[PDB]
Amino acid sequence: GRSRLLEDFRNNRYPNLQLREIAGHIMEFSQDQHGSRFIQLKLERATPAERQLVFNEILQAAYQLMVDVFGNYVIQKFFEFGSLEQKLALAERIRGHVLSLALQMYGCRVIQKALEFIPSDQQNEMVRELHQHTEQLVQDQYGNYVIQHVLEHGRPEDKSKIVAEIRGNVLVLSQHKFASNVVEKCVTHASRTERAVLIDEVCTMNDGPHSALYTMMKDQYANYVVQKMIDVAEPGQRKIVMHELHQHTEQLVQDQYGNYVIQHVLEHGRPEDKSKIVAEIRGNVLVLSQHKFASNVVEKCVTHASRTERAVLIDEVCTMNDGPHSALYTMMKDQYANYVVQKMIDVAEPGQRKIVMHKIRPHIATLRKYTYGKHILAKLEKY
């Protein structure tokens, strides 16, 4: 199916091939893996005369290039390094097809490039086509990237229109694999008023017997939205969001997705929020350290809480008993809590580390017999 020229260029002939030599073959080269990189490289150091010759061979069938696995890079080159007249002619071929391209695996790259480098009257013409289909775009595996592009670099008036389509479905779209990222970009990149309205929407609604925010923090996708809502909420709303988190801390530290929201607060939140999380953990360090999910939260607590809060959690482990065992001994033998013991050794202050080593000392000579306890021994060979 390939021309002789393309086949030979692929098979190492013409090591000095120039743009002018492949006249009449631009469309075929563009739809070829190596023909496309050739045109892209050659365009970079090509004269305006050459670039225009290339452009005339792709303009008619430009759409076909936009939806091609290899040709879409060529279209993108002209949207970024072509003449004003070339950018505008390509925008004309796009007119009436923006939606199809934004829904397309390669077309959506071309749309984002066009939105970034064509003039304003053409950006607004292109965005006008999209505003009629925001609902579909927000949930599409490719269109969601085009919506996020507008939110990150578009003009405020256009961001506001995207917020209006999301205004009302924050809870549902936050649980959507593709749309949850758009909710994030709205929360981070829209106006102050629009961010507060979106955050307030889930603050004021209930999901049956659950608070909407609690549901979101348990969701595989919406937990990322809440983390962003925590990062950008103004102080008054932030306290409202955090109140839902604190009320459900015990549930969330044991949840497969909620435990990351708790850790996010421990690593990047305010210290008094960490102090309240620690106060819920206190008295349950033994049990939570043995939990697949909560054990990670216990680790973040001793790492990021205050000096005395960490000391309290470590001292609890040192002083509490598990039936006839010391809690430390039970923790060392557990598949998860052994990691907590190791982290506690690492972060303890020398005086407290000595107390930890004292409770560990009777067991050193027999840790090798334990599936997980032996990793305490392995670690201790650095102390």
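Note that residue numbering begins at 1 and tracks the sequence as displayed.
Between the stretches 41-49 and 319-327, it is 41-49 that shows the larger average CA temperature factor. For the two regions 174-182 and 155-163, the entry's Cα B-factors average higher over 155-163.
Highest C-alpha temperature factor among 271, 258, 96, 107 per the entry: 96.
Among all modelled residues in its chain, residue 349 ranks in the highest third by Cα B-factor. Sorting the modelled residues of the chain by their CA temperature factor places residue 338 in the lowest third.
Residue 55 sits in the highest third of its chain by CA B factor, as recorded in the PDB entry. Annotation for residue 143: C-alpha temperature factor in the lowest third relative to the rest of the modelled chain, per the entry. In the deposited entry, the Cα temperature factor of residue 121 sits in the top third of values across the chain's modelled residues.
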